[PDB]
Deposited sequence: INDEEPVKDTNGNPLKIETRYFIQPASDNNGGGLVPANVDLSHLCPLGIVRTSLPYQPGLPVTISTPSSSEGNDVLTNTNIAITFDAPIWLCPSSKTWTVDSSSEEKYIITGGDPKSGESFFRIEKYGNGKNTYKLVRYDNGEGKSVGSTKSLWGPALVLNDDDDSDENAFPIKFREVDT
């Protein structure tokens, strides 16, 4: 099944989208704690009209339950690593962090339908769903223990940036 944006249109690669909580504003880079500034975690901004930092998806169609990479799109980057999402294996909390390799399997996630709402999804990694936990700046994306139910998943939509 093709992933759809908030307008019900199918997701394309090489196309800028805000990832916005379906459940404050969009998802942005921020540090998870005071122990490291780089690499960056993924936090929901508490500011209501901030749309989030845009991402592009790499594989023109994006389909559900398929290996994809998510890369922030930004003209400025304060860290010496990449803008591609990945899992902090060395973190005892398994934060989703930047600095992944867009071609490597370390950076692969899958987009799956969430609950009933249309155009609502979750991310799953290999199967563990992406949830959230309290961090310094607010809720940060973390890898949950499993993907048995949507209970612990952080529901998202994709909004096309024009």
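No alpha-carbon coordinates exist for the deposited sequence positions 1-4, 28-30, 67-72, 140-143, 180, given here in order along the chain.
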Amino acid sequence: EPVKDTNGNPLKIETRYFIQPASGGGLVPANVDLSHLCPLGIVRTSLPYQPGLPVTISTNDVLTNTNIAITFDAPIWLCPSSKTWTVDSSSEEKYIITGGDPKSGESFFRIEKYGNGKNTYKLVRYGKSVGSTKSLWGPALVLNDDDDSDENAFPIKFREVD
From here on, numbers count along this sequence of modelled residues.
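In this crystal structure, the stretch out of 109-117 and 31-39 whose C-alpha atoms carry the higher mean B factor is 109-117. Looking at 8-16 and 136-144 together, the entry lists the larger mean B-factor for 8-16, computed on C-alpha atoms. Across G99, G26, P102, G131, the greatest Cα temperature factor reported in the deposited entry is at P102.
Ranked against the other modelled residues of its chain, the C-alpha B-factor of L63 as given in the entry falls in the highest third. Among the modelled residues of its chain, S81 has a C-alpha B-factor that falls in the middle third according to the deposited record. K94: CA B factor lies in the highest third for its chain, per the PDB record.
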